[PDB]
Amino acid sequence: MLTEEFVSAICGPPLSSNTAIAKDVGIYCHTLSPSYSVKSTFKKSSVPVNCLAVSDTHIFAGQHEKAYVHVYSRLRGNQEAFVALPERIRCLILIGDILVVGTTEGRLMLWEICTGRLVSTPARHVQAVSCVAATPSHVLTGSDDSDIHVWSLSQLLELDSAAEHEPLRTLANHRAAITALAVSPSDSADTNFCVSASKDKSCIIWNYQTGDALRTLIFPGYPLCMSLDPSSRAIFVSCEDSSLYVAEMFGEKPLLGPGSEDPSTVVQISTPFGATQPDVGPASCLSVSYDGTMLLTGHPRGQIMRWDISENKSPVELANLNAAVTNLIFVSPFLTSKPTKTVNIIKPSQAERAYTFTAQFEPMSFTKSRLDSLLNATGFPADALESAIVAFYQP
Amino acid sequence: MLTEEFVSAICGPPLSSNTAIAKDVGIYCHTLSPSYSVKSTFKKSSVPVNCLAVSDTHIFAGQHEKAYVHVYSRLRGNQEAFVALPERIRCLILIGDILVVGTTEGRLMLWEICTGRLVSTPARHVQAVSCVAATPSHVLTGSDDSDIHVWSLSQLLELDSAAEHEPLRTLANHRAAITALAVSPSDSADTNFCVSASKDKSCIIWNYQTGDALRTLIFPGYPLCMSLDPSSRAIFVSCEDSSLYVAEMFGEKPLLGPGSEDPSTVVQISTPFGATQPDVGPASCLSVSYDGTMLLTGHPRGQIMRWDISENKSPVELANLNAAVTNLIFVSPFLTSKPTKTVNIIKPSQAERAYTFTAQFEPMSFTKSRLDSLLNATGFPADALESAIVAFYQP
Amino acid sequence: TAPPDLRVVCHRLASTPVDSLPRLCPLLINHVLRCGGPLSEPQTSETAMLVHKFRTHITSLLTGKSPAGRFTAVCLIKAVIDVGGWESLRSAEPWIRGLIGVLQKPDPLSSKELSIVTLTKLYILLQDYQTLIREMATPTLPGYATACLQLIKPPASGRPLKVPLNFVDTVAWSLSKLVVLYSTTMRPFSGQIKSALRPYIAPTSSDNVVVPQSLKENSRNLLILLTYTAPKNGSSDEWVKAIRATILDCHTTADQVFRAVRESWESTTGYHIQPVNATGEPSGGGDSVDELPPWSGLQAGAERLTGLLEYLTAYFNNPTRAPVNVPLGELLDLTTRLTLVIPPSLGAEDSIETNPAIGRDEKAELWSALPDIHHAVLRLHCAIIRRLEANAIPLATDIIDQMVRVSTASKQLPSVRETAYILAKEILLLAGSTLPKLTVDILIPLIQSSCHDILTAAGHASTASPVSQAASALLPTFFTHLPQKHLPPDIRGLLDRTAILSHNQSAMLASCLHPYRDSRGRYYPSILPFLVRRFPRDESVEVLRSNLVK
Amino acid sequence: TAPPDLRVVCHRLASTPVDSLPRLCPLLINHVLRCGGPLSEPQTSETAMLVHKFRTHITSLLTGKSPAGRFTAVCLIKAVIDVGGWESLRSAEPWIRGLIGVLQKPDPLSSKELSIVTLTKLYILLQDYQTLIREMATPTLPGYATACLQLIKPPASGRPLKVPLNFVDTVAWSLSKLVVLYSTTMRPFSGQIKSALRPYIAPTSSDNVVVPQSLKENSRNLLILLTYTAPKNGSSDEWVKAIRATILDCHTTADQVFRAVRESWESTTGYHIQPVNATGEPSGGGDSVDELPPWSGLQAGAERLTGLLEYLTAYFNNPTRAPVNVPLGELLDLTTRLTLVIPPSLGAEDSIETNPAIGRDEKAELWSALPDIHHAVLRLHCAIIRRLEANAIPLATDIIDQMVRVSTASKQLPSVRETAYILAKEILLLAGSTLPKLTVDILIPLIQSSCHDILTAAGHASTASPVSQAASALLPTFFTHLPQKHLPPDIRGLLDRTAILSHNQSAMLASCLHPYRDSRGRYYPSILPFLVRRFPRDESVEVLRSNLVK
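Residue numbers (full-length UniProt numbering), protein chains in the order written: chain P, 1 to 395; chain G, 1 to 395; chain L, 2 to 44, 52 to 469, 512 to 600; chain B, 2 to 44, 52 to 469, 512 to 600.
Encoded structure:
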């Protein structure tokens with residue numbers, strides 16, 4: 001009933017010498033429903049893990065061991081920008097029009113793609129910022145120092161704020177490098193949660209506005225990536241043992257809720273939902289479709305694997321890209337009416353200038369009039385007809 | 001200022017020779033908040049259990065022994081009507097301006113007080129109808145035949161309906177006479193429930209629209225009276241052991257909800273919230289306040305107890321009415337906008353007539369005009385002023 | 002230290018010429034509304057001196073020869089009686105007579121209309137204070153009523169009305185507001201109002217005058233509320249007699265309208281259809297005072313019937329002084345008669361029985377005229393549902409049948425579909441959870457049409515339409531107040547798909563709250579992943595996410 | 002055979018004389034809108057020959073001498089192009105020239121207005137099909153624009169405009185619709201549009217001409233959307249230049265308005281406050297093409313500044329052809345300068361430093377002209393917020409400070425309070441969930457004022515005032531998007547009392563779902579017993595009852 005699309009990025013040299021796929025092409029865009037086909041391609045990039053971002057107008061792709069972000073114009077099909085950053089990129093995400101980048105030096109950077117501001121934070125981390133997640137109010141950065149810092153978006157993006165930015169809280173119960181982060185759709189103080197994944201074979205569910213660690217989950221292997229189901233019921237986690245596990249938070253035994261145990265008591269998951277062969281390898285990235293019935297994985301040997309969560313059937317290979325699929329990002333099948341369209345972006349510059357916001361204004365009828373009703377209504381309205389007849393017959 | 005009021009109805013002869021309390025007064029109207037004070041009195045009524053109904057215009061009181069209902073006007077402070085019903089009245093409730101009467105013969109009359117129309121169901125109960133509850137859609141009648149019948153109100157009351165009225169469902173997992181019925185205010189097919197108390201020391205929570213027994217609770221004594229809390233969290237029941245029991249549906253051991261056990265499992269309740277001394281007697285009637293923090297219990301010895309659930313386990317005596325206080329009904333402190341006012345009541349009659357509705361039409365301002373904006377606006381509206389100025393300067 | 006607003010008012014009134022004062026009126030009104038303190042101060053300070061000068065200058069403008077000064081005086085008096093309270097009320101006795109003199113003198117129509125609004129506001133505000141009615145409202149009111157009735161009274165039979173019908177609308181609105189409060193004072197004026205408002209109740213195409221819709225509504229409201237002036241508490245008797253006379257006029261008009269179609273309708277009340285002459289064009293009406301102005305032509309009879317149905321709607325749109333006997337049985341019989349005659353499909357004109365003597369042109373005019381009559385009947389039903397609330401549960405079964413019959417007869421008219429959606433929402437909210445399998449099966453085409461309209465407006469077969519808005523309002527009611535067991539699975543799937551594609555949060559909440567039951571017993575999947583992904587931060591969606599999942 | 006509605010149309014057009022056709026006009030187009038089918042069929053059956061006769065009648069009435077026939081024609085072209093589709097769009101080629109001839113002829117202005125609306129609908133529908141554009145839309149467009157500009161062109165300085173400003177507003181709205189679709193055709197005419205609509209952008213009280221609000225909005229919209237007709241893709245450059253010139257005009261007007269007081273505002277963009285002469289009334293403007301019409305007087309200067317602020321608001325209320333550079337820093341600087349000059353407490357005239365050579369009357373005029381300017385600034389902030397959403401989070405701290413300052417300065421004006429409530433709702437919805445304790449403390453007085461307004465309207469301190519409605523719409527936001535851990539307990543209690551005694555089910559659900567923590571860490575009791583008793587069967591409680599769904 002819906003046409004779902006997804007964008008994949010490849011990294012590294014091609015594994016096979018001869019293939020039908022071009023060795024140059026680095027970003028693929030596919031349609032998943034109703035049939036699998038490559039709708040478009042983007043030419044030159046080498047995207048590491050968690051270094052891809054897709055909007056309605058652009059695709060941002062960080063480069064491997066470089067301080068470069070390639071920006072591709074999705075509404076034009078070519079590459080628009082080769083934007084350079086002061087430090088190399090370990091991770092990047094996009095929210096609204098702000099590109100949030102966790103660098104290799106322990107720094108958080110926020111690039112406003114519509115104004116050109118590049119706000120940099122002091123190095124609160126001591127090692128590279130591994131993963132980053134964003135709410136409409138907060139930004140969570142988990143690094144390799146077993147530390148996750150929560151920042152507030154308003155005090156990060158304040159115009160004339162010259163004081164050093166500091167995180168509100170430090171979610172530090174982990175003992176190894178933070179691999180993955182996921183955030184609940186909720187943003188209220190009492191109903192939200194965030195799920196981390198670290199190299200100590202553990203996943204902790206926190207409340208990132210109060211600092212409390214709600215749940216601790218032990219996996220037999222250290223997690224690589226997770227994805228929340230659309231209903232925020234299950235956490236699909238890939239592990240080092242070439243297995244995808246499903247942890248159901250609110251099922252027969254609630255991890256979070258009234259019937260849960262103490263937060264100190266740790267829950268161990270040992271039942272794999274799916275397994276991949278050693279030649280396939282562990283999944284580098286996971287993603288869940290808009291409906292939630294279908295799941296996609298990226299594997300270092302180039303194949304994309306479709307898994308049916310509902311039917312619990314065997315996974316099926318879509319295509320082989322001859323390079324490691326580091327990033328897979330779904331696109332929402334519905335279109336959200338955005339008030340301003342970012343046709344072009346502004347490169348980050350540090351100079352004395354007025355705050356200028358660059359975008360295009362879309363027609364969505366912010367004004368109304370009696371004549372607009374006359375135009376939009378089929379025929380004329382009866383009252384306006386009657387007034388026109390009275391004015392006509394009036395001498 | 002918000003004042004909480006309640007109407008009490010007493011039955012039987014006086015039990016003490018007190019000249020201060022008049023014998024012939026049967027109905028009292030009181031304020032609970034901010035303090036006890038008798039507002040008004042209504043004369044010559046002996047009203048048994050579940051035969052009192054209160055609405056903002058009128059108080060309906062079925063009479064012990066006689067097949068009569070006394071209608072008192074709260075607006076005028078007098079006894080408006082003596083209405084005679086075809087059979088003995090055992091229970092009486094009011095939904096809207098429609099009075100539901102359950103007889104000793106097992107019949108149900110639906111009497112519309114505005115149209116003066118009486119609808120008599122066939123005697124589907126083989127003995128006396130003890131208790132009745134209603135919604136805007138359903139009527140639940142629990143009788144001495146250990147049976148509860150669920151009726152559709154829209155099916156019961158129609159124009160030119162000649163088919164014999166039949167209950168939709170019958171709930172008969174009880175084994176004794178049904179003492180009390182309470183119904184949750186929700187009318188949804190999946191969230192509604194009713195709770196029933198019978199003489200077999202048992203209370204069953206039912207889904208009366210699907211006919212499924214949700215929960216079974218067993219008390220040391222058979223429950224005389226029942227009321228749900230307003231927020232549907234708990235049931236307050238009195239017993240023959242002079243005890244008051246509380247039952248919360250969503251505690252650490254939930255009666256209902258996802259954490260609840262199987263419906264076949266029967267819960268034993270043996271911990272009493274409160275107890276009354278035998279010189280006071282068991283709670284013949286119970287009502288719950290608007291906030292739900294307080295509950296009033298009427299005892300056949302004449303005392304009225306107020307119970308503060310949070311504050312004091314022991315009850316506090318408000319007054320002694322020198323007769324068996326059979327009914328206590330709370331009145332909402334907020335005034336509800338109702339599009340019609342029932343000033344006078346049409347007596348029941350069996351004759352051929354056109355369907356006529358008798359009520360006073362209140363002002364609700366359903367009709368809106370553009371002159372009303374000028375009338376109700378401080379000064380004039382700017383567009384009205386400027387249109388007037390333009391037409392004034394124009395010849 | 003007087004307010005700067007009061008200083009600005011006094012300085013601008015002193016300096017500005019009276020001819021340019023109406024252009025300066027908008028800012029002066031804002032400054033007077035800002036002047037709340039000194040104008041409410043009871044009766052030396054500069055505040056008191058400036059207030060006295062301002063009131064004196066208002067009186068000078070009102071009694072002056074300048075029409076512009078009179079207009080400014082009307083605006084300032086309205087502002088002062090709005091902001092100044094009881095002191096400004098009691099210091100307004102010459103102002104009332106001056107406002108009536110503005111109406112009497114040949115002043116422009118905008119000034120007269122604003123004077124009428126100001127006087128109505130004055131007489132409404134005096135109802136709070138019991139004595140001010142006695143000294144102030146009671147003597148001055150008959151002069152105001154006489155001036156208004158002189159303005160709207162027709163000068164001669166061979167001369168047209170001088171004032172515009174939009175001004176007659178304002179006069180009728182003011183009298184409609186004042187009869188409910190001053191019945192005894194304007195009891196003698198009830199005779200002239202009933203003669204003045206007679207053409208505007210049910211205007212036809214034969215009246216040769218385009219009557220405003222607001223004038224029609226206000227005239228209907230005034231002639232309904234004129235029962236307040238009945239002596240010896242005859243308000244209820246006059247109301248019942250007038251509404252029964254309106255029903256009888258509806259039946260007599262419907263005879264001449266439906267002379268072409270041979271009806272199988274029978275009356276429970278006992279009304280019998282009079283024979284109608286086959287020759288000639290259908291005519292109705294007379295020159296008598298009690299009866300409406302005459303009309304000629306079948307179409308004109310159709311607007312007469314529509315106007316009488318809207319007058320019956322205004323009966324349930326207006327309040328009453330005393331309890332009244334509402335003829336619900338007669339109204340139901342009338343609506344049944346008007347809904348049992350339906351337009352056909354393409355080629356079913358031979359199937360529907362028609363009188364042989366009636367010509368094809370008259371027939372085609374009739375079947376064009378029927379949808380508006382059905383629309384008026386459905387609006388009357390909506391008004392009855394709104395006024396009675398749970399008292400139309402006895403009438404709930406018949407209105408469903410009439411609505412389904414009308415919608416299936418004319419499913420191609422967007423106005424009829426929108427009115428059917430509104431009436432369906434009201435009836436299903438009233439008594440919908442106990443509808444039987446047969447009723448659920450016969451209301452299925454309404455569900456299909458509503459889903460089709462919503463999907464057409466959403467583009468997944512356009513823009514915003516009233517039909518789309520009515521169907522989107524009706525959409526959550528199909529889950530909340532309809533039996534899910536009686537619904538076919540394809541209907542539930544269509545409803546869920548329509549809610550998802552239209553992004554209707556209320557409908558999706560209702561669909562998640564009401565899981566669908568089949569005969570087999572398998573759990574159909576919920577649409578909760580769509581709702582959480584489209585509306586993630588909504589509070590009710592959070593409760594559903596934390597409850598239904600558990 | 003033929004549809005009955007179409008047969009009625011043909012019969013009534015044939016029988017009816019041309020004079021009485023406008024009185025039968027709502028009937029005819031109603032039947033035409035019923036008959037959408039045969040007109041959409043491309044062009052002998054009875055249907056086809058009657059459609060040909062109907063189109064012939066439309067053409068005859070359009071080319072006829074009778075103005076009533078022309079009016080009936082114009083309504084019929086509008087109905088046919090609404091329910092006729094591509095066939096009617098292709099066959100409506102002489103109808104466009106007929107409508108332009110109607111505009112040329114000395115016809116009634118309601119007929120001219122309906123002709124203008126019909127022509128605009130024609131061109132918008134013709135935009136969809138590409139070949140139709142070149143075949144009739146391109147040549148006919150200069151004639152229509154020439155006719156409109158001749159109608160709204162000022163004849164002379166001494167000669168006033170013949171057509172009313174409502175007709176000028178209709179012309180401006182039609183040209184606003186057409187310049188977006190056709191830029192190159194309207195490029196030659198862009199010069200006359202600016203000269204025609206220059207006196208209606210920011211009208212003053214020194215012009216002695218009453219200019220409608222709709223005309224003001226349409227003139228602002230058209231002079232902003234005229235950047236679409238800029239050659240060689242100069243749309244963004246002209247947009248930035250025009251908005252910068254508007255900001256500079258606001259600054260130059262603000263100098264003459266604020267000559268009375270010292271300003272401690274120092275620009276962060278580059279502007280300097282030039283010295284202003286302290287003798288005589290303030291004045292500004294000129295007769296040049298780049299300047300608005302002149303004004304003299306402080307009230308006129310305040311009106312000019314308010315009009316220019318609404319002109320700035322129209323830039324965010326109007327779309328752009330190309331991406332543009334928005335001077336947000338200059339707008340913030342201008343709003344800070346305009347909001348730093350505040351009304352006082354009573355008896356504090358020495359509180360703010362003022363000139364000693366400027367009259368106290370001029371002061372008392374300025375200090376009352378200030379809240380209108382503050383309200384216009386807050387409306388501009390609301391428009392900027394509604395355009396930017398999450399991109400205005402950097403602007404949140406300044407807008408909060410300006411709104412708090414304006415509300416505490418003019419807390420006794422209901423319009424200022426209502427605008428502050430709307431802006432507070434927008435800011436709290438965008439970035440109110442992470443406000444610090446100082447921001448919560450400075451927003452506390454607005455919370456108290458909103459609760460007082462809601463409780464006053466509810467009668468627990512009557513109709514619903516707009517300020518009460520704005521505060522009621524803001525009451526749930528104080529729970530949903532405001533940090534409750536920084537909130538004092540008395541304010542939380544006041545909010546809960548306001549929600550319960552006002553029966554705001556959204557606010558009661560929000561209070562239940564966002565509980566208040568004390569210093570102990572124990573949650574406060576939930577409002578829920580009150581919500582379930584006031585709305586027992588609403589969706590707000592049906593979603594909370596989801597744990598029993600199974």
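Ideal Cβ placement from N, Cα and C applies to all residues, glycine included.
- For B/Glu338, there are no neighbours in chain L by C-beta distance under 9 Å, as the nearest C-beta there is about 29 Å away.
- Around the beta carbon of G/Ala176, a 10 Å sphere encloses fewer than 16 other beta carbons of the protein chains shown; the residue is thus reported as exposed.
- Residues of the stretch 258-275 of chain P whose Cβ lies closer than 8 Å to any Cβ of chain G, in chain order: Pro258, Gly259.
- Using beta-carbon distances, P/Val195 does not count as an interface residue toward chain B, since no partner is under 7 Å.
- Annotation: Cβ neighbours of G/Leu256 in chain B (cutoff 8 Å, chain order): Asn597, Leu598.
- Distance from the Cα of G/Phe6 is smallest, within the candidate group G/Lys23, G/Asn18, G/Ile59, G/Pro14, for G/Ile59.
- Within the stretch 534-559 of chain L, the residues whose Cβ lies closer than 9 Å to some Cβ of chain P are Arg547, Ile550, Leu551, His553, listed in chain order.
- Apart from sequence neighbours up to five positions away, the residues of its chain that approach L/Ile550 with a beta-carbon distance below 8 Å are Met558, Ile577, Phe580, ordered along the chain.
- The beta-bridge partner set that DSSP reports for P/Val71 consists of P/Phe60, P/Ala81.
- Residues of the stretch 176-208 of chain P that bring their beta carbon within less than 8 Å of a beta carbon in chain L comprise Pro185, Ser186, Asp187, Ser188, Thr191, in sequence order.
- Assignment of beta-bridge partners to G/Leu99 by DSSP yields G/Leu94, G/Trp111.
- Runs of the alpha helix (DSSP H) lying entirely within the stretch 210-296 of chain P and spanning at least 4 residues: none are present.
- Rounded to whole angstroms, the gap between the alpha carbons of B/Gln555 and L/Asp588 is 15 Å.
- Contact note: G/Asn78 does not reach chain L at a C-beta cutoff of 8 Å; the least C-beta distance is about 17 Å.
- Take G/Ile329, set aside five residues on each side of it, and the residues of its chain with a beta-carbon closer than 7 Å to its own are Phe6, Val7, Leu52, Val54, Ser287, in chain order.
- L/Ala400 sits away from L/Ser415, with the two beta carbons spaced by 7 Å or more.
- Secondary structure at L/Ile108: helix, using DSSP grouped into helix, strand and coil.
- In the DSSP assignment, G/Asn207 is bridged to G/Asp212.
- Our two residues, B/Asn229 and L/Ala238, have alpha carbons roughly 56 Å apart in a direct line.
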